[PDB]
Structure formats: structure tokens, C-alpha cells
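**Student:** PDB entry and its sequence, pasted below:
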Amino acid sequence: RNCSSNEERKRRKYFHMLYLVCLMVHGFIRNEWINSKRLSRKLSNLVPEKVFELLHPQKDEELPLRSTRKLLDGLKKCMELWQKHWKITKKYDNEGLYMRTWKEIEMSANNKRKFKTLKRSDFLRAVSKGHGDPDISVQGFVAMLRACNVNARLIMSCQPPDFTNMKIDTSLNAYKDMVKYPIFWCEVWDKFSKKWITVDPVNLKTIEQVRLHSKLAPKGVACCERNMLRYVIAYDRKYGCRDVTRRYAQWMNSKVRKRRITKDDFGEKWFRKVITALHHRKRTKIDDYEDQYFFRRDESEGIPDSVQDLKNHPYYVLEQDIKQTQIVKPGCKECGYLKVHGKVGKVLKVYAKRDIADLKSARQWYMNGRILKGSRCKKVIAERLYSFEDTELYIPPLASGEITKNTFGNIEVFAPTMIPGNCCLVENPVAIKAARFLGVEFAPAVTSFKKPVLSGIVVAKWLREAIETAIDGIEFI
Amino acid sequence: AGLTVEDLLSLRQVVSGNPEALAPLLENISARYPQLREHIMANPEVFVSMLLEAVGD
DNA sequence: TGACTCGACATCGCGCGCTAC
DNA sequence: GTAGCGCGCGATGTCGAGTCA
């Protein structure tokens, strides 16, 4: 075995978040520097009138397609002349911005060495001279398109260290293998076909109109050691920041979701906080056209081709992975089959998760603040369990402020719903001490089990302020 | 939930022009600011904006 | 305190992805 | 496209720690 402590697990998740935030901010700032007005004006003169006109074609009403084609020819001519402008293409020192191993990090922490600061001037100078690694090159390419007034995003595949890598060794079996796919690239907006065109002028030297498959998404076990596609962030002229992974992920909901922080709900909410932090403009109609592409993409993925990809899948579950406490919602059935690779003829029943109901016993429901009505049990395990639609909120009874409580003179509060309407919950170890010293008419809160737990008090709201003062003065009792 | 301005500046500068070198700085600063950890979990957007407006310029 | 979970590593047989027509 | 072919990739099981009730 090769396994680390739950503490190291939790550190890896945090440091992953931290490193990701930094990466994505770097994207944000670099995209700023790309917009520099002094540089733009110099790079514009690189683009002949013929090509410029190709980059801004006239609306063609009878066949929009021909305008798209002219843009593609323009984009191809730009890629070519950029090949010529960029005179010196460096190698990444060490690993560049490709994904690193926990061991590699720990050791870079250790050795401090000497690091030449860059800043904004030095970047500009490099791009104008045409000296840099492929990241600089592509980034420059995007600057140039922008100086021609095309809607040109910078795309960045953020490669933070893997927080799903649990191993204590972390050791790999090549430079050529790392550089096979790019970290940075470009998108360009087609107003005629209402789609984003993908452009990689430096590494793959292609232009693709991604529909369901893209040449840029890395393939083969060896190449994915240093490039694990998780967060593809798009930055635009007007300082938008949009997560565009769905364009580039063939299996987004299966393969890729397991490797992103967004797989639990805390993760998603955190991630959205950062994107919004980085998205400094207001919603345009283009944003909507994109969301429509993503929606259709997100609904054409469908069932995966393997059992491992159906573990903890957002939408889907094999009949065999349905929990003892779940049942199939009346009058639903399998939604699909999975031929199991490497077993002859073996087929599995795939159900949609929306057709699966979670059942709980009466006590468990109460513990979610719900009561039952005359319903029927769905299954027994020996204690009857009921579906969510069998159930109903519990509204506990509401002058002086005596609260009708359980037999023990406490209140069972497993959910905000369960505070009476005219009362408030105050959680504090001594809240009972406070309340007892100044009298009143409170009631202890049982919020969970250890086996009860009185974590605080339930008192009428008019009396809350008093307790808060007494608590603040507890040292004086 | 807070940090000096000498560290916030150096960190903006690494993040902006030399992110390859992030690793040891973050190790350091995280070792000098325990509370930063839980901050980052609750309120990332603040730490972001802090890294964005070192441009009081 | 017990069912149920999560990732690594082992084992293993398929048929997948090469040339070389 | 096809046959000849070696082994890479995914299915199955266990092992330890952890999580929920």
C-alpha cells in the first residue's frame, strides 16, 4: 500500500484550491496585460488590408456561411504570419505551467533559490520582439487579434496539482509527452454562425469549429500525466471570465467531474464565487448563445461506456448501485443499458437518478423536520420507510413565552423550520446558565446527537436581546 | 482575515509574472498565516479582489 | 458502536490499436 | 479493410481509513 492520512488528504484539497485561485487570477492579470494599448497599436500594422477585411467580413444575407469561410481564411492567414513574426520560441524551463506532482511541489517549497521577477514591461518587450515560450507566443497572438478589433478570448487550461491523487509516492514514467497539447490557446467569435471558433496558432497550428469533439483535448495515459483537463477558463476583451470546459470535455459529467473541486456542493459554490470574482462585465447576448451550446452539449453526452464512469455519476446509476434505502419511483423503468466491456454478452440496467427516490423512516424524517400524512411504507429493513412526497413540514406550536417542549423540557431542533415562528434559536454553551439567571421562559435546544445534545436555547424573540446581554456578561454571574 | 501589504504585493507580483515560482511562496505565507486557510474556504472572492486591487494607481 | 464509502494496488482476460499487407 | 499479434485498459476483489446514523 501507498496511502496518506486524512489530514494530508485535506491539505491537498486546500492547497489545490489555493493554487487554482492563483492560476486563474494570473489568467485574469495576463489578459489585462494583453489589452495594453501601446502594444496593440504596434501589432496591428502586422495585418495587411486584405486579411483585415477577411477578419471583418460583410454580412452575407443569402448565405451566412460564406462570411464564416472568409473569417476562417483570415484566421489561417493570421496563424501563418504569426509563425513568421515569432522569431524565437523558447522551451519551458523545468515544467512550465503543466501539472506538477505533490513530491515536485514539496521539493520546490524546500529549495528557495533565486527567481528573476518578470513584470509587465518585460512581457510587452518580449511579445514585440517575438521572444518567448509558446505561452507568451499564443498570448501575443491574441493581443494581435484584439488590436484588429476581433472578439478574441484567451483560453487557459488551469493545471493545479491533483487533489484526487491520494498516493504517498507520486512518481511518473518525458518532455515531448508534456508539450503535445497546449495550456494556452484562443477562441474567436463568429457572428454569422453564432459560435466560438477555437484557434491554436502555436502548438497544433489548427483552427477547429468544435462541435462534439476537439483536437485540443489531450489523449493517452502518458500525455495526461502532466495535462489533466479540468478547468478551461476563457477571458475576453471586456474582462469576462467564463468556465468553458464543456466545449473541450468529451465526458464532462463523468470523467472530468471526478477530478474537479466542483463534484460536491461546497466545491461548486466556492468555484462560482471565484468566477464571479473574475468576471467584471455584464451579460451579453453572446453569453446566452454560448450557454445554449453548453446546454445542448451537456444533454448529448449521455450514458458513459463503462462501469467506473457510472460510479457517483451526476445523472445516472446502475441498478446494482441503488442503495438499500432507495427504490424506483412508481411507473418508471430502466433508462438505458450498458454493455460491459470485457464480459461477453453481459448487460446492465441503467436508471436515471431522477427516477430514484430516497426513503427514510419516520424518525429520520422528523430529523429533517418533516412529518407524515396517513401514508404507506415503501420498504422495511424492521422499521417502515417512506418517500419524500408522503411527507410534510412540521410546524411546531408557537404570549409570556412558555414553549411546549418534548417530555424532557428541551426542544428538538434539527432544522430552521423547527423553531416556532415567534421564537428564536440562540446557540451557546452557557445559554442555559444565562436564561436560568435572568428567569424568562426559554427552552433548551437539542440540535443533534453525540446520546442527545443541548447546544443552546429556544426563547421567544422579544427576550432574545436580554440573553445576549447576560451571555455577554457571563463572567459576572 | 488579513495580511500585510509587503506579502500581498510580492504575491501579486509572482502571480502576475512568475507563477511557475508560486509554490514556495505559498508554502511560506500559508505557514505564516494559519487563518488564511479557512478564509480561502469561506471567502475566496475577498482574497481575489485583494490580489486585483494592488492597483490603487 | 456498526453499514456503508473512498482510492490504491493486485489480478486477469478481452479485444483494442499497432503494423503490414 | 484484414489477419496476425502483443499487451494496455477496464472490470473485479481486497485492504485500510473514514463517515453517517
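**Tutor:** Good, I have the coordinates. Numbering: from 1, shown residues only, chains lettered A, B, ... in the order given.
**Student:** would you list every one of the helices in the chain?
**Tutor:** I'll assume chain A. A:6-34, A:37-44, A:49-55, A:64-85, A:102-110, A:119-129, A:134-147, A:175-178, A:245-248, A:265-278, A:285-300, A:362-366, A:431-437, A:464-472 (DSSP state H).
**Student:** Chain B, not that one
**Tutor:** B:5-17, B:22-32, B:34-42, B:44-52.
**Student:** Relative to DNA strand C, how far out is residue A:188?
**Tutor:** Note on residue A:188: its distance to DNA strand C, by CB to the nearest atom of the strand, to the nearest Å, is 32 Å. Every C-beta, even on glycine, is put in place using the N, C-alpha and C of the backbone.
**Student:** The residue lying closest to that residue once chain neighbours are set aside: neighbouring residues, count only.
**Tutor:** Residue nearest to residue A:188 in three dimensions, not counting chain neighbours: residue A:197, with 4.7 Å by CB to CB, 6 or more residues apart in numbering or on different chains. Neighbour count for residue A:197, taken as other CB atoms under 10 Å in any protein chain shown: 19.
**Student:** of the helices of chain A, which approaches DNA strand D most closely?
**Tutor:** DNA strand D sits nearest to helix A:6-34 of all those, at 3.7 Å, using CB to the nearest atom of the strand.
**Student:** With DNA strand C in mind, check whether the closest one reaches it.
**Tutor:** No - Helix A:6-34 stays clear of DNA strand C (CB under 7 Å from any atom of the strand), getting no nearer than 8.1 Å.
**Student:** and the angle from that helix to helix B:22-32?
**Tutor:** Between helix A:6-34 and helix B:22-32, the angle comes out at 120 degrees (axes from the mean of the first three to the mean of the last three CA atoms, to 10 degrees).
**Student:** how about CSV for the helices of chain B, with mean neighbour count added?
**Tutor:** Shown next, in CSV, are the helices of chain B (neighbours: other CB atoms under 10 Å in any protein chain shown):
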stretch, mean neighbour count
helix B:5-17, 17
helix B:22-32, 17
helix B:34-42, 14
helix B:44-52, 18
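**Student:** closest to residue A:233 out of those?
**Tutor:** Among those, helix B:44-52 comes nearest to residue A:233, with 13.2 Å by CB to CB.
**Student:** Quick check: chain neighbours aside, which residue is closest to the residue of chain B found nearest chain A?
**Tutor:** Proximity of chain B to chain A (CB to the nearest CB) peaks at residue B:17, 3.0 Å away. Once flanking residues are discounted, residue B:17 sits nearest to residue A:118: 3.0 Å by CB to CB, 6+ apart.
**Student:** Could you give the number of residues near the one you found?
**Tutor:** 17.
**Student:** any idea how far it lies from DNA strand C?
**Tutor:** Going from residue A:118 to DNA strand C by CB to the nearest atom of the strand gives 34 Å.
**Student:** now residue A:48
**Tutor:** Using CB to the nearest atom of the strand, we find residue A:48 at a distance of 41 Å from DNA strand C.
**Student:** Could you check how far that residue is from residue A:80?
**Tutor:** Distance, residue A:48 to residue A:80, by CB to CB, to the nearest Å: 12 Å.
**Student:** Which residues of chain A lie near DNA strand C?
**Tutor:** Close to DNA strand C, as judged by CB under 7 Å from any atom of the strand, chain A has residues A:1-3, A:164-167, A:169, A:311-312, A:323-324, A:341-342, A:344.
**Student:** out of these, which are buried?
**Tutor:** For those, a neighbour count by 16 or more other CB atoms under 10 Å in any protein chain shown gives an empty buried set.
**Student:** tell me which parts of chain A are close to DNA strand D?
**Tutor:** A:1, A:3, A:5-6, A:220-221, A:306-309, A:340-343, A:346, A:364.
**Student:** Closest one to DNA strand C out of those residues, please.
**Tutor:** residue A:342 (4.4 Å).
**Student:** Can you report phi and psi for the closest one?
**Tutor:** phi 90, psi 20 (degrees, to the nearest 10).
**Student:** And the residues of chain A next to DNA strand D, which of them are buried?
**Tutor:** With neighbours counted by 16+ other CB under 10 Å, the residues of chain A next to DNA strand D contain buried members at residue A:309.
**Student:** Just the closest of the residues of chain A next to DNA strand D to chain B, please.
**Tutor:** Closest to chain B, out of all of these and judged by CB to the nearest CB, is residue A:6, at 16.0 Å.
**Student:** Contacts only, for the closest one.
**Tutor:** For residue A:6, the contact set (CB atoms under 8 Å, 6 or more residues apart in numbering or on different chains) is empty.
**Student:** again with residue A:229
**Tutor:** Per CB under 8 Å, 6+ apart, neighbours of residue A:229: A:157, A:217, A:218, A:245, A:248, A:249, A:256.
**Student:** sorry, back to before: want to throw the helices of chain A into JSON lines with distance to residue B:33?
**Tutor:** What follows is these, written out as JSON lines (distance: least, CB to CB, whole Å):
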{"stretch": "helix A:6-34", "distance to residue B:33": "12"}
{"stretch": "helix A:37-44", "distance to residue B:33": "36"}
{"stretch": "helix A:49-55", "distance to residue B:33": "48"}
{"stretch": "helix A:64-85", "distance to residue B:33": "43"}
{"stretch": "helix A:102-110", "distance to residue B:33": "16"}
{"stretch": "helix A:119-129", "distance to residue B:33": "25"}
{"stretch": "helix A:134-147", "distance to residue B:33": "30"}
{"stretch": "helix A:175-178", "distance to residue B:33": "33"}
{"stretch": "helix A:245-248", "distance to residue B:33": "31"}
{"stretch": "helix A:265-278", "distance to residue B:33": "19"}
{"stretch": "helix A:285-300", "distance to residue B:33": "37"}
{"stretch": "helix A:362-366", "distance to residue B:33": "42"}
{"stretch": "helix A:431-437", "distance to residue B:33": "32"}
{"stretch": "helix A:464-472", "distance to residue B:33": "29"}
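**Student:** tell me the most buried of those?
**Tutor:** helix A:134-147 (a mean of 24; mean count of other CB atoms under 10 Å in any protein chain shown).
**Student:** neighbouring contacts of that one?
**Tutor:** A:30, A:34-36, A:39-41, A:43-44, A:46-47, A:55, A:78-79, A:82, A:86, A:89, A:92, A:96-97, A:123, A:126-127, A:130, A:132, A:152-154, A:179, A:182-186, A:188, A:200-203, A:237.
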